[PDB]
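Protein chains in written order, with PDB author numbering: chain K, 986 to 1203; chain C, 11 to 119; chain G, 11 to 119; chain D, 31 to 124; chain H, 30 to 124; chain F, 24 to 101; chain B, 23 to 101; chain E, 31 to 134; chain A, 38 to 134.
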Amino acid sequence: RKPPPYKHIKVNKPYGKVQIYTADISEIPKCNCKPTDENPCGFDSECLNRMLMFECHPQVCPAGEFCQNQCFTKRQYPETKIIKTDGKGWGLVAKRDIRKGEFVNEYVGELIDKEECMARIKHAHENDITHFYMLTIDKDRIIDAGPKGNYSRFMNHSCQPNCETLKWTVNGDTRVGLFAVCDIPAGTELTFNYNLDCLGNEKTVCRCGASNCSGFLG
Amino acid sequence: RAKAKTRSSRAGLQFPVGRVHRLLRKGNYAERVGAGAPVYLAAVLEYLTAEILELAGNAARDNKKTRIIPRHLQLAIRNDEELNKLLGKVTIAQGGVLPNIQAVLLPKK
Amino acid sequence: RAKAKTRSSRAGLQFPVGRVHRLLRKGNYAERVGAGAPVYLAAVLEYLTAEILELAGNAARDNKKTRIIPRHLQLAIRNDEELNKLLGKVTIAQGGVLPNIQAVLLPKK
Amino acid sequence: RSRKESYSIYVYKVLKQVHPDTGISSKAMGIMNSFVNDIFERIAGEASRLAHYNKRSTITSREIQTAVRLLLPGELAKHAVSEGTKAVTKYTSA
Amino acid sequence: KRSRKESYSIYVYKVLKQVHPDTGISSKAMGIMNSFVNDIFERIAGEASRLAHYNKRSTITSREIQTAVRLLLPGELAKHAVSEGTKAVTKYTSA
Amino acid sequence: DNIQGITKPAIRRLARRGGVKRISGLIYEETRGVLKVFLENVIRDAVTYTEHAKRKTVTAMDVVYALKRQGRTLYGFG
Amino acid sequence: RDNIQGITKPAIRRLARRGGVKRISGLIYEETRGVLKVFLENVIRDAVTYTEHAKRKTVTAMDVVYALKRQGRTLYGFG
Amino acid sequence: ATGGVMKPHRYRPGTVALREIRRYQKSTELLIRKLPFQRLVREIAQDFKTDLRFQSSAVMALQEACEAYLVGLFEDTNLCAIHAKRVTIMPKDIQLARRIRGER
Amino acid sequence: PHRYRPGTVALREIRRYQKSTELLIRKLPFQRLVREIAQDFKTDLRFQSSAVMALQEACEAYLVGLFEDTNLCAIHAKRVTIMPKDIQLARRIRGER
DNA sequence: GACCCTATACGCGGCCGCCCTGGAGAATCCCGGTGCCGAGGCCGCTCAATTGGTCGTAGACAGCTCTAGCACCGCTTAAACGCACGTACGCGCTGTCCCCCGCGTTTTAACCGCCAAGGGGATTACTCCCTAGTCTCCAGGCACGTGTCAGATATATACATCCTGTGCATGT
DNA sequence: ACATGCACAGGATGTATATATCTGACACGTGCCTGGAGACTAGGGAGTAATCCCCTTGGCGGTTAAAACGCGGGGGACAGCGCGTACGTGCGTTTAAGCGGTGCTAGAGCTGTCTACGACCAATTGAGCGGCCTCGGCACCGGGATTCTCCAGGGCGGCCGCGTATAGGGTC
Ligand SMILES: Nc1ncnc2c1ncn2[C@@H]1O[C@H](C[C@@H](N)CC[C@H](N)C(=O)O)[C@@H](O)[C@H]1O
Ligand SMILES: [Zn+2]
Ligand SMILES: [Zn+2]
Ligand SMILES: [Zn+2]
C-alpha cells in the first residue's frame, strides 16, 4: 500500500539525553567570496566554506544574499517521489536530471545515544523489524530516521551507488547530506552506499543489483 | 606668576611635552636638550599613535566590536605595509596572525 | 709627588685604562663611571683582541705569510665558533669567504 | 601604592579624537604604552647617535627630524615630519 | 692645524707582539682591528649603560661591565673574558 | 623529561597557526629541540638580568629585556 | 642611463661563484640587478640622510658605515 | 533482521587540517598547555641558577614569545616545503629555514 | 677539439673566487650606478673614494651571502641550478621583500 | 615391447655494457729572481692622563611590611594517547628537450697614469643667545572609590505553521 | 443505505520577541602631591665669517683585459607514472590540566642613615700622535714540474641466441 506512517520532520530532533553543539553567529566561519562575484559561494567557485564542508550564513557571509552556499537551511531538495523497489522496500526517484555534485538531500531524523540505539535495535529484534534507519553521526550521537525523518530515509544501499553521504558543519553542528556522485538523469532511482551496517548480526542479503555487488551489506 | 600653561597646550598636542622633555633629559642621550626637541618628538609619537589607533579602530569595526583588543592592533599593523615594516620584528601578546593559507594547500578540482 | 703610573700599568694591561675611562665618560652612557669599570672593560677588550690576533696569526702562518692581512682575520673569525657568533653580522673589507662547496655539487664518481 | 607613570591617558585622548565612540581594552592600552616607549627609545637613541657623530652636545628638533627620517618608512616619515614641524612652528610662536 | 685622530693601533700592536712576537700587521688589518675594538666597546658600553638604567642606577661599575660581558659574549669567550677582567680589577685595587 | 610535555597535539596546533597542512612524523622531536634551544637562550639572559638586580625572582621585565636583547621585542608585559 | 646594466652578467656569475653556485639560470641576472638596486637604494638613502644632516655636500665613508650599521650590516675596515 | 548503524564517509585527509588552519589562524589563545610549559621553563632555568622563582607574568611572557617564535618558524618552513614541490613539512625544511634565518 | 665537461670549469671558478679577496664588480660601472641612485635623493652630490669603495664592499658581501642562501634553496628543491624563485625564497625567509 | 618422431631445456661460445688504465693536454703549483713601497721605528712636542685634595650625594646596608609565589588538595572534563584504517602523497624511475656551459672570436670600455682646477671640508676667531640650574608654587595626573550603562541572558508570554479527528460531498 | 477523499475549528508546540537580572568594564569624582611651569641668570655651545689647501671631478690618451656574441651539445629541469607507506581521520580510554580554594612564607619593594666613592679642579708631565725615513716582505714574472680531468680503446662480468643433447610419446 503505502510506507508505514512516520512523522515527516524537517530538522534534526534531539531525544533522550543527547545534546547539540550550536555555536553563536560570531564564531561560524566566513569566506572571502564577494557579492559581485560570478557565482558568490557557488558550487564550482573557490568558496572557502564550500571547500571545507562549511555552510555559509546569510548574516555572516560577505556575499549577503548572493550566497549559493545555503543549501542546508534553505532545503533546496530537488523534487523526488517514492517507488516500491524489487526486494528492498521503497526507494526514491527524482524529477529531473542531476549534475555531478548537486546537493541531493539531507539525512535527518531523531538524535539518540548509543545505549538508546542498542535499545531500539533490541526492540526491533523483538518484533523482527527489518528496516533500520540508524546512521552514526559521531560517538554518543546517532540519527534514527525510523519514526521521524524526511524523504532521504527512502534511499537504498547499492554497492555501486550514484549518491553519497558527506558531513557538513552547519551552524556549528554536524549534519549529513546526500550528494550526487555522477550525472544522474531523471527516472534513475537514487541510492547511496550505507558504507557499513554490520554491528553483530547476520548481514542481511544485499539485493542491490550492482555489477560489483558484495552479496551482503559489506 | 602668569597661570602656568602646559607646553603641550602651546604646541597643540595631546601627548605630554614636559614629560617627554624630562625623559630626554634624564635618559642620557646628550648633555643638552633643545627646546623644540620634546615638542617635535611628542608630535611624532602622537601622530604614530593616532595612525595605529585609527587602523585598529577600523579593524575592530570590521568585527562589529566597539573595543580595540590586541587582535585588532595586530591586524592593523600587519595589514598596513608601512606599519608592518616599522613593527616587523615586534611580537604582540595575544595578537595571533593574519589569516593566510597558501594557494597550493587548497583543495583542487 | 709621585712621578706617574698609568692605570694600565697598575692593572697590568696593554690597553689604555685612562682613554677608556674618558670614552666612557664622554659617551653618555651614565652620569657616573666607577673606578673599576674602565679597568674591567680595558681588560675585556684586550682579551678579545688577543684572541682574534692569536687566531689570525695562526692563519697567517698557515699561508706562509708573516704579516696579518684582512683575509687572515676573516679566516680566524669564521673558523672559530665563538668569534663567529660574536661577529656573525659583520662584514670584513677585503676578507673574502671561507672555501666551502656543497657536497651535492662535486662531480659524481 | 606608589606612582607609576604611563601614556594611558594621552593614548586615550588621541583615541577619542579619531574614533570618538570606540573604547580600548586594558591589554591593548598596555600594548600601546609599550609601543610608545619603544618608538620613543628608537628615535631618541638615533638622535643621540646623530649628535655624537657630528660632535654636538645638544639634541635639537633638527636631529629629532633626521632621526624620524631614518627610522620611519616613507609615507609615515613624510607625515610625521610634517606633523612635528607644524607642532614646533606652532609652539615657537606662542 | 692637523688634528690628532686617536686609534687603538699601538695597543693592538702591543698585544700582537705578546702573542706572536715575530708577526706584523697590514694597515688595513689594523683598521679592521680598530673597528672591531670600537664595535665591541660600544656594545659592552651600551649594554651596561641600559643595564644601569633598568636598575635605576646612575653609575656604570665593574658589575655592570661584567653583566654586559655575560650578555654579549658567548660561552667560553664570556667565561674567559669575565675571569680576565676580574683579575685586572682585583690587581688594580691592590696597587 | 618536561620537553615531552610539549605534546604532539600542541606542535600540530602551532603548525596550523603557521598554515601547515601535513606534518611529517619526524617533525615533533625536531621541533622540541628547536624550542629547547630558543627557550634556553632567552632564559639564560633573563636569569642574567635577575642576578644583576640581586633578585631571586625572574620578573616579566627580565624576560622582556632578554627578548629585546635578542631582537624579538615583545609588547604587552612592560 | 641604464647604469644598472653595468653590473654585467659575468660579474654576477663571479659573485655567484664566490657564493658556491655551480649552475645559473639565465633569468638570475635581472633578478639580481633588482635585488642589488633595492639594497643600494636603501643604503644610499640613509647615507645621504646622514650627509644632509651634517650640512655636507660630500658623502663620506663614515656616512656609508653608519647607514650600514643601522641597517644591521656592520662593515669593518673603513672607520 | 540484523540492524546496525550506517557510517558517513570520513572527511578526506586534508579537510580537517584546513579547518584547523582557519580556526587557529582566527583565534589568539595560547596553543601549549600552561603547566607543561611552566615545568619545562623551571627545568631549563635550574641549569643557570638554583632555587629560582618566577613571576606568573614572566612565564606568560616566555610562553607568548616561544609560541610566536614557533609560529613564525612554521610559516617559513612551510614555505620551504612548498618550494620543494611538497605539502608536507619535514625536518630538513626546519633546518633550511633556520639556516637561512641565521640561527644555524 | 679538447673540451672540459660542463661543470668542471664552474667548480674551478668556485675555488678560484672563494680563494680570492677582491672586488668582482668593475669600479666605474658601480660608481656610475651609485651616483645615479644618489641623484634621486639630492642633486650635485660628491663622493669620497672611500665612500664608493665601502658601498661596493658592502653590496658585494650582500650578494655573496644572498647567493649562498639561494644555492641552499636550490639544493633543497633537488636542483643544482639556481632560479629566480630561489632568490625570492631566500629573501622572503631572511626578512626582506 | 622396441624403434623412430618429436619437443625442450643445456651449454657453448657471442657478442655486449661496463670498468680500467694510459696518455694527452690544460691548469696549477713551485721555486728563483727582482724591486718597490709600506710597515715599523724613531723624534719632537703637546695635550690628555695622573696626582693631590675637596666636597656632596649615590648607593650600601639594616630593617620592616605585606605581596605574591609556591605547595597542596579535590573535582570535572577536555585533551592527549593508542590503535584501526585507508588513501593520497612522497619518492623513485623514465624520457625529452631545452637551455646553459665551455670555448673561440670580436668589440668595447675599464683602467692606468698624468694634469688642472676649483669646490668644499677643516680650522680659527669672535660673539650671542639658548639651555641648565635654581627656587617657588600650583595643578595634572595618578590611586582609589563608587555609579551607570551596556551586552549578555535566562524567563516568560503572544504568534505562526503544523497536527487532529470526526464530519461534509460523494461514487458505490 | 456507506465508507472513500479530504477538510476545518481547536490544540500545541516551535517561533519571535518583550523582560527582569547579572557581571563586569569602564566612567566620573575626589584627594593629593609630585613634578612641570614661571622667572631669572650665567656661561658655554653653536652659528657666522674668513681662509686655506686637500681631494673630488673632469679631460686625454693608450693598452689590453674583459664583456659580448655565437655555437654545439650534454646534462639537468621537468613532466609523467606507479606504488607503498606514512600520515590523516576517527574512536574508545586514560590522564592530567585547569579551576577553585587554603595556607604559609620568601623576598620584593620601600624607608632611613651615613659613608666612601666619584665629580671637579689645578698643576704637572709623559704617552701617543704627526712626520719622516728606510729596508724587508710580498707581489710579480717566468720557466719547469706535478696534477687533474677526459676520453679512447682493451679485459671482464653478463645474460643470450643457436645449435644441440636427452627423453616423452605414437606405431609397428
Ligand atoms: N539494496 C538493498 N537490498 C535489500 N534491502 C535493502 C537494500 N537497501 C536497504 N534495504 C532495506 O532497507 C532498510 C534500510 C532503511 N534505510 C530503509 C530503506 C528503505 N528504502 C525504506 O525506507 O524502507 C534495511 O533494513 C534493509 O532491510
Ligand atoms: Zn564563499
Ligand atoms: Zn557564502
Ligand atoms: Zn549489492
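Every residue gets a Cβ at the ideal spot worked out from N, C-alpha and C, and that includes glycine.
- Three or more Cβ pairs drawn from the stretch 42-57 of chain C and the stretch 89-101 of chain D lie within less than 8 angstroms of each other, which places the two stretches in contact.
- Taking 9 angstroms as the Cβ-Cβ cut-off, the stretch 1019-1049 of chain K approaches chain C at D1029, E1031, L1033, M1036, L1037, given in chain order.
- For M90 (chain E), the three-state secondary structure derived from DSSP is helix.
- Assigned with DSSP and collapsed to three states, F70 (chain H) falls in helix.
- A distance criterion of 7 angstroms places the beta-carbon of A1048 (chain K) in contact range of ligand 2, judged by its closest non-hydrogen atom.
- If you check the C-beta of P1043 (chain K) against ligand 2, you find no heavy atom less than 7 angstroms away.
- Under DSSP, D68 (chain F) takes part in no beta bridge, so it has no partner.
- Screening all residues for a C-beta within a distance smaller than 6 angstroms of any heavy atom in ligand 1 leaves K:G1072, K:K1073, K:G1074, K:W1075, K:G1076, K:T1115, K:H1116, K:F1117, K:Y1118, K:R1138, K:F1139, K:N1141, K:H1142, K:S1143, K:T1189, K:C1191, K:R1192, K:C1193, in chain order.
- Only those residues of the stretch 28-39 of chain F whose C-beta falls short of 7 angstroms from the nearest C-beta of chain E are listed: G28, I29, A33, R36, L37, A38, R39.
- In this structure, ligand 2 has no non-hydrogen atom nearer than 7 angstroms to the beta-carbon of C1056 (chain K).
- The beta carbon of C1148 (chain K) sits no closer than 7 angstroms to any heavy atom of ligand 4.
- Counted as a single uninterrupted DSSP element, the beta strand (DSSP E) harbouring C1148 (chain K) occupies residues 1148-1155.
- Rounded to the nearest whole angstrom, the C-alpha separation of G60 (chain H) and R88 (chain C) is 42 angstroms.
- For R63 (chain A), the closest C-alpha among the options B:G42, B:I26, B:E63 is that of B:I26.
- Using a Cβ distance threshold of 8 angstroms, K57 (chain D) and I79 (chain C) count as a contacting pair.
- For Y98 (chain B), a Cβ of chain H is located within less than 8 angstroms of the residue's own Cβ.
- Remark: C-beta atoms of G1185 (chain K) and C1191 (chain K) do not approach each other more closely than 8 angstroms.
- Taken from the Cβ of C1018 (chain K), at least one heavy atom of ligand 3 lies inside 7 angstroms.
- In this structure, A83 (chain F) sits away from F61 (chain F), with a CB-CB distance that is not shorter than 8 angstroms.
- Interface annotation, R81 (chain C): in contact with chain E, CB-CB separation under 8 angstroms.
- In terms of side-chain proximity, the C-beta atom of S1196 (chain K) is found no nearer than 7 angstroms to any non-hydrogen atom of ligand 4.
- Interface residue (Cβ-Cβ distance to chain F less than 8 angstroms): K57 (chain D) is classified as such.
- A contact between stretches requires three or more CB pairs, one per stretch, nearer than 8 angstroms, and the stretch 32-40 of chain C fails this requirement with the stretch 103-119 of chain D.
- Under the three-pair Cβ rule at 8 angstroms, the stretch 1158-1177 of chain K counts as touching the stretch 1126-1140 of chain K.
- The shortest CA-to-CA distance from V44 (chain D) to any of C:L116, C:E92, C:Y57 is the one to C:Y57.
- Annotated as proximal: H82 (chain G) and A69 (chain G), with beta-carbon spacing under 8 angstroms.
- Rounded to the nearest whole angstrom, the C-alpha separation of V71 (chain A) and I66 (chain B) is 8 angstroms.
- The beta carbon of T1121 (chain K) sits closer than 7 angstroms to the beta carbons of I1127 from its chain, once the five residues preceding and following it are set aside; these are given in chain order.
- Here the stretch 1015-1035 of chain K does not lie against the stretch 1110-1119 of chain K, with fewer than 3 beta-carbon pairs under 8 angstroms apart.
- At a cut-off of 8 angstroms between beta-carbon atoms, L85 (chain C) makes no contact with chain K.
- Going by beta carbons, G22 (chain G) and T58 (chain A) fall outside the 8 angstroms limit.
- Any Cβ of chain F closer than 8 angstroms to the Cβ of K99 (chain C) would place that residue at the interface, and such an atom is present.
- Among the residues facing chain A, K77 (chain B) is not included, as its CB has no counterpart in that chain under 8 angstroms away.
- The Cβ of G101 (chain F) sits closer than 8 angstroms to at least one Cβ of chain D.
- The alpha-carbon separation between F1164 (chain K) and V114 (chain C) amounts to approximately 26 angstroms.
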